[PDB]
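Here, residue 1 is the first one in the sequence, and each next residue gets the next number. All heavy atoms count here, side chains included; hydrogens, waters and symmetry mates do not.
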Amino acid sequence: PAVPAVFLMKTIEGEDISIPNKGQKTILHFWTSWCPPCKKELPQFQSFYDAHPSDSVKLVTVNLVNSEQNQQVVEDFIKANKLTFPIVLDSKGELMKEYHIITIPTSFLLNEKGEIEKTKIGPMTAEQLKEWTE
């Protein structure tokens with residue numbers, strides 16, 4: 001990551017989130033609604049989130065809103081697809097900047113110190129997400 005820094009964000013569902021999470025591991029996921037590989041991968045993150053494999057791993061998800069039509073479109077998309085996992089909007093573009101995001105989907109496994117343990121470019125499965133948890 002470009003700079004050592006933690007992010008204090010309010011989730012789309014109103015929840016107060018950090019990245020990385022206090023004394024906890026983090027799965028960070030980057031996406032847009034129109035991205036074809038992200039679109040078919042989103043159910044994978046919903047499934048994984050619903051199954052809740054780990055208590056020591058936190059899923060935070062980042063929408064690249066500035067790569068979207070607008071924010072309302074994302075809102076509608078999340079609502080229509082019944083996406084319930086934590087979603088953060090990268091409104092200022094600091095997340096994309098800090099993690100040098102050029103490709104989506106991209107997922108990271110961070111430890112409690114914000115260090116990157118795993119990087120995955122391209123789609124994942126609920127099963128690979130669970131493994132990242134083990």
Query raised in the report: In this structure, are over 12 heavy atoms from other groups packed under 6.0 Å from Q69 atom CD?
Result: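 Open.
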Report task. Decide if atom NZ of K120 counts as having more than 12 heavy atoms of other residues, nucleotides or ligands within a radius under 6.0 Å. Result -> yes
Query - Pairs involving residues 51-75, ordered by first then second residue, that meet ring-ring contact (aromatic ring centres under 6.0 Å, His included) (sequence neighbours left out) - result: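 Matches after skipping sequence neighbours: none remain.
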Query raised in the report: Under the salt bridge (charged side-chain N to carboxylate O under 4.0 Å, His left out) criterion, do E15 and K58 qualify, and how do the steps go?
Result: CA-CA 13 Å; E15 173 195 17; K58 229 279 162 175; 3.3 Å; yes
To the closest 0.5 Å, what do you measure between [atom1] ([X]) and [atom2] ([Y])?
X	Y	atom1	atom2	value
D76	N70	CG	CG	8.0 Å
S54	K25	OG	NZ	9.0 Å
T106	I121	OG1	CD1	5.0 Å

Query - Remaining members of hydrophobic cluster (4.5 Å side-chain criterion), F7 - result: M9, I17, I19, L28, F30, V60, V62, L64, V88, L95, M96, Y99, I101, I104, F108, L110, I116
Report summary line: Going by chain and number, the hydrophobic cluster around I78 (ILVMFWY, side chain to side chain under 4.5 Å) further includes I12, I27, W31, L42, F45, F48, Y49, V57, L59, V65, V74, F77, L83, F85, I87, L89, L109, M124, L129, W132
Testing the 3.5 Å rule here: is there a donor-acceptor pair between the side chains of [X] and [Y]?
X	Y	result
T61	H29	no
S56	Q24	no
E68	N63	yes

Query raised in the report: Please, which pairs that meet disulfide bond (SG atoms under 2.5 Å apart) have at least one residue in residues 102-134, sequence neighbours excluded?
Result: none
Query - Student check: side-chain heavy atoms of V6 and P20 closer than 4.5 Å - result: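 They are in side-chain contact.
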Report task. Under the side chain to side chain contact (heavy atoms under 4.5 Å, CB included) rule, collect the residues that match up with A2, sequence neighbours excluded. Result ->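 For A2, the residues satisfying side chain to side chain contact (heavy atoms under 4.5 Å, CB included) (neighbours in sequence not counted) are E98, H100.
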Requested in this report: Could I get the full list of side chain to side chain contact (heavy atoms under 4.5 Å, CB included) partners for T125, not counting sequence neighbours?
Outcome: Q44, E127, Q128
Query raised in the report: So, for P1 and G114, which heavy atoms are closest and what is the spacing to 0.1 Å?
Result: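 Looking at all heavy atoms of both residues, the shortest contact is CG-O, 4.1 Å.
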Query - N/O donor-acceptor pair under 3.5 Å between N21 side chain and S18 backbone - result: yes
Query raised in the report: Within the distance-only criterion (no hydrogens, no angle test), does the side chain of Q46 pair as donor or acceptor with the backbone N or O of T84 below 3.5 angstrom?
Result: yes
Report task. Would you check, one step at a time, whether the test salt bridge (charged side-chain N to carboxylate O under 4.0 Å, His left out) holds for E112 with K22? Result -> CA-CA 7 Å; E112 303 183 342; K22 178 178 173 44; over 6 Å; no
